[PDB]
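Shown below, as structure tokens, is a lone chain in the form deposited in one PDB entry; questions about how it binds or moves come after it.
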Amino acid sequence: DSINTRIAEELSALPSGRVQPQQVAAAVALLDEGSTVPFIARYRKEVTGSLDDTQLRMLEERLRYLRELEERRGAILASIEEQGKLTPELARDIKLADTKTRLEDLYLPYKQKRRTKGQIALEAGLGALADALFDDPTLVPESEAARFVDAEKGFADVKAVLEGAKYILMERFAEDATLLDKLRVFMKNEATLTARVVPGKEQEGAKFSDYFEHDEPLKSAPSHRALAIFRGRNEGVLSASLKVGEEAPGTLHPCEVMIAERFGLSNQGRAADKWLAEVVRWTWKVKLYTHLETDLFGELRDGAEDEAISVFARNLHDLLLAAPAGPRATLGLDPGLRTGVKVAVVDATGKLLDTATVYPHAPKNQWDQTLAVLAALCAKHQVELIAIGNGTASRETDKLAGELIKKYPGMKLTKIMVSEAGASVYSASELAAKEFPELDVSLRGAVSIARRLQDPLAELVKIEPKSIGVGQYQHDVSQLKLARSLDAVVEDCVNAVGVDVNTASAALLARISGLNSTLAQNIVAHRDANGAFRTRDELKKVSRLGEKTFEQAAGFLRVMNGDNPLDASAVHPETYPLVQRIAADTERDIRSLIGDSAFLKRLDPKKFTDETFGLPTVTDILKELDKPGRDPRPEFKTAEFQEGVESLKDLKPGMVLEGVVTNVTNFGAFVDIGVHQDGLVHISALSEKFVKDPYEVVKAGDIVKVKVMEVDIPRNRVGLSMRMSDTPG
């Protein structure tokens, strides 16, 4: 209610644009109402106002976090009330608490506390001294302390009394909300991070030679550097700490001042003044400091991880939508050395046909023999492709894969490279072990290396997302965080490609919106029992399949040579009628379908608007019959396809070929694609991060990957970009 608000401003910080609290209201109303993100970003944009996935996904997360913040907010309210202290003012502070940190600060005085020496001092009645001195600095400490001495209570000497009464104040000051908020905000805009080496561990972990010594402004630190430092620190090598100016010999700490002001404690020269100054210092050096550090470090870590996990998100996303090369015969080669390189021949349907393990490289060295064995296998099964893992020793295996294809030209093979990401975790998996109880673990990996070349999406959904190692220190990162995120991309990708309920493995189905590890297997059940589905309509006869479920997955499932032709289109059964009430301009002939710009073109919206659908519900419909169930994935190109591009005519908006920069100007950079015409590349779309001047980034002679953004055959021009983000649209 005020949650839509906090979410609005978060969403409004993304390239997307500005989001209205009202939009988020609707979207949240849909979620709690059991809908799935992919569903809303697709069949409800109206009820939201064209909010996209990237937006919804973040809303979904901030949504979850804030609600936790609310649940915990109540437990506090309950707790403090039950104690007899829920003041109206405190109550108001609690409501307004923005973060979970301010929320926990406010609870401090009331949180269940251990037997701190301050409580002992209290019970010994040293609470009066604590207030007398603090309340009136002209009193004389040591003198007034004499009055509270008591050997039996744990305060035998005057010096004890004073020390005890010190912790009473230390504890009060170190739990003040307003203060903790001030010192924190200060320590984060002024303090500077510092890293050091432990006397001894110097040689031991020289891995952090770039941080064994370092000092930089905390307010702005890079994810990597930050993660590195904690990495070494946690590893037991480095020592981190924050600092503000220099603590010298003997100067007033900036924060020790704020602490005093907060309680109007000035040091004129009164009796208590010196003693009160002592308790202010101890409050900072014994309490407040380690607290702030912990709060702050854990904030930086929490931030560094976000980033890293954001990069991992992109990496996986790109891999999942790699171009599917199959259905052809493939020979997966998971490179290896000492343990040989595994071999696995799959068929044009995914069916494993043969396996083998050869030792061509070191230590053994059976290069020629290996070549003989592969040849035999490539012929025996009319192999067409050769997927090669990008892991260890792939360098020489690609050299070996070469010797091969150029010794049996009659075979017409083509070698390709693929990520081994997950190959292992998968091999050790139970799903894999259930399909190939016979194959050894090392060989189950090569089956994946092969099946993915054919279709990356299908094969990758069979691995625990968070395990498809795409990033570097991906393991070092928070797993729940990383998990719930990588799961997000996967869900986003498969629903963005559709699924043929008639051949999809139970794994792929579980990732369709509105489906679980259950209804999945269940779909297979029918398929296995009743043959084949002819229309989404028949998905209703599935065992547990329900109305909310159907409505939620029907749009992403897809019957191919079904009866209702509109079941191969992203078109939800929800609009079947809206599509039929197009009897007007009765092109019902095979349905206007695939009727391209031929009539179908535009056909001015406003066509249909009953109270429910009406626009980006229908003017996406029009973009569908035009080319039903189109594959958002890139068309497949070989490894040397470019060698086939010579003219300006051999290009279509989309390609990502390699080029060389021949000129760098202050308004972009001209590139040669080997088409006898240079391509301009605007400074803007030259990179992903903003560019001050082309001269710093790219330079003549440089080689780079670019995406042909537009082709004008008449003018003989070429539009290009060094960023794969934007599209030639």
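The term rigid core refers to the maximal set of C-alpha atoms that superpose within 1.5 Å between the two forms. All residue numbers are counted from 1 along the displayed sequence.
A second form of this protein, the form deposited in another entry, is not displayed here; the remarks below concern that form.
Just one of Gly118, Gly422, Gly514, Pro324 moves its Cα by 2 Å or more between this form and the one not shown on a rigid core overlay, and this residue is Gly118.
Put the two forms on the same core and the Cα of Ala348 is off by less than 2 Å between this form and the one not shown. Fitting the two forms on the rigid core leaves the C-alpha of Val671 displaced by at least 2 angstroms between this form and the one not shown. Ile621: CA moves less than 2 Å between this form and the one not shown after rigid-core fitting.
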